[PDB]
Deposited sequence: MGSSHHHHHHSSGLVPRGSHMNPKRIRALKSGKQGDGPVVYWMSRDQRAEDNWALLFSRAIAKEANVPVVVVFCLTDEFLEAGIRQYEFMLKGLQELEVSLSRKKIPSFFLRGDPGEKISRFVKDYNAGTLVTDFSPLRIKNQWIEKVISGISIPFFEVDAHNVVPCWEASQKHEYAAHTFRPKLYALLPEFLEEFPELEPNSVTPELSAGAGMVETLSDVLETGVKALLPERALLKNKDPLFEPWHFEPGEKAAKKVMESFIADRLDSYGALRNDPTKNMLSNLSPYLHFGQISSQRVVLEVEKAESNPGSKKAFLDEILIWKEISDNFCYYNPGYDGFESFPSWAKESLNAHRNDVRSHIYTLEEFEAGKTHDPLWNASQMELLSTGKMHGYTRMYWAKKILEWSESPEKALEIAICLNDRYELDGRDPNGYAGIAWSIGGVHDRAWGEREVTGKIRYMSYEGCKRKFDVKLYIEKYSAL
């Protein structure tokens, strides 16, 4: 229960576990949505706290899986969290950063701090479901989840996997009048109920030996492309609206032009609300076509990615591909590939294709490959791998290791679109790739200045 007129639509919250309510603070276990503003999970947690006459507190687990990615993501996330600490402190909301995996750490915290209710944000990924299962086994209090990432809650937008954007789109757009709304301000707590710097230091030291380096032993990553945190995210949104949105419709598929929003790293960590971005873009007057194209990406393609992962347990495997694509890829399994590269050769941009290599270098150096070349990149991994299963493994590995926005439903769904035709149709049949949409080098040369892209990233 929340207080009458709290402005919380109950369709945004799902019970994970019934239990017996305790009398202490409401705990928001923050995971996907690393921000204080425009956060329905935090807002719901505050509202339940107010109804129960207790404070809200935030807990975040610094998990054991950080070593599976790089310094680039760890520093981006933790610097955001340092700013978040302050934001939450200004609302008199304490934040606790627990070192370890959620099952042990969240269970113990709930007991030690006498928590009344536990609330988390929503992610459809396997690792969050693993964590939920272990937490559920370790607690006796009620446990809810709130979809703070999507404009329309994932379980409301559709009751099933949607095979195409054109089947999901009408369902989603029909629910915007209900779910696309302004956020209430977060009410502070009535009274105030190892530092992150130390953790960051220790974590970086553990990651240092696996840092991406050029032949010179100088690091590849350039950390000045995306300043982390809530405040920076808002400035990137504003600069997008002011300077890039007008040309987005025309230039979104030109990797030589900096005309995308550049919001993905911030959206991935939830340092900015996609609902906020949509409210601001909807209000803007910009060139015809650009708003339509942008909203299709941040509403339809982003939210269909959650739909995909939520409703397909095997979202990172061949089995989740559509029947037509599985049958087609199987028919061409024994076709001889034109090249076969090792993971190391792919990783280091050592293929015979200079466009592919440049795309990989953009990823290595900036942590954000242009959206258009991501499609090209993943499709060539299918073409130059022993099997579609190996291609998935390779693409996922590199995406997750090097993209700031990686380890994300958008990645799994984008890779599945690219390699497996998920959310696509059948195209002309070719050897090796069957009926999976093909993106040729020469097609790219016709579409944009390939030589310039290659010069930029070599």
Gaps vs the deposited sequence (1-based, no CA atoms) are 1-13, 207-215, 481-482
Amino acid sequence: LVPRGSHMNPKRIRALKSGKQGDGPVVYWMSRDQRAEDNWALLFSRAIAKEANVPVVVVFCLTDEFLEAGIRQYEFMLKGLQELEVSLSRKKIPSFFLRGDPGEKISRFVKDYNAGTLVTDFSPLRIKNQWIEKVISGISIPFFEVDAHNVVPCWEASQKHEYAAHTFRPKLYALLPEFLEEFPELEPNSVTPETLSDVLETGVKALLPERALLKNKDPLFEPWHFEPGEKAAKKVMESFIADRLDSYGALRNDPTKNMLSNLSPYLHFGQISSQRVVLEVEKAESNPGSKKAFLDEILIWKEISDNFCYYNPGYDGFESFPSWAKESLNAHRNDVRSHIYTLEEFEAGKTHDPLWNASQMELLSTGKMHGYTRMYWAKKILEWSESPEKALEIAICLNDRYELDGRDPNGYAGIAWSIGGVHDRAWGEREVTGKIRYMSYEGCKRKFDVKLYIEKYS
From here on, numbers count along this sequence of modelled residues.
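Definition used throughout: the rigid core is the maximal C-alpha set that superposes within 1.5 Å between two forms.
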Find the stretch among 293-301 and 201-209 with the larger RMS C-alpha deviation in 6 other deposited structures of this protein, all structures being superposed on the shown form by the rigid core. 201-209
Rigid core superposition result in 6 other deposited structures of this protein, more deviant of 64-72, 35-43 by Cα: 64-72
Residue 193 not built in a third or more of the other entries: yes
Comparing mean C-alpha B factor in the record for 57-65 and 413-421, the higher one is 57-65
Mean C-alpha B-factor comparison - 327-335 and 260-268, higher one: 327-335
Maximum C-alpha temperature factor per the entry, among 75, 112, 156, 238, belongs to which one? 112
Residue of maximum C-alpha B factor among 279, 127, 212, 295, per deposited coordinates: 212
Going by the CA temperature factor in the PDB record, which third of the chain does residue 198 belong to: lowest, middle or highest? highest
Please say which third, lowest, middle or highest, residue 308 falls into when its CA temperature factor is compared across its chain. lowest
Compare the C-alpha B factor of residue 173 with those of the other modelled residues in its chain, then answer lowest, middle or highest third. highest
Thinking about Cα B factors across the chain, which third does residue 288 belong to? highest
Relative to the other modelled residues of the same chain, rank the CA B-factor of residue 406 and answer lowest, middle or highest third. lowest
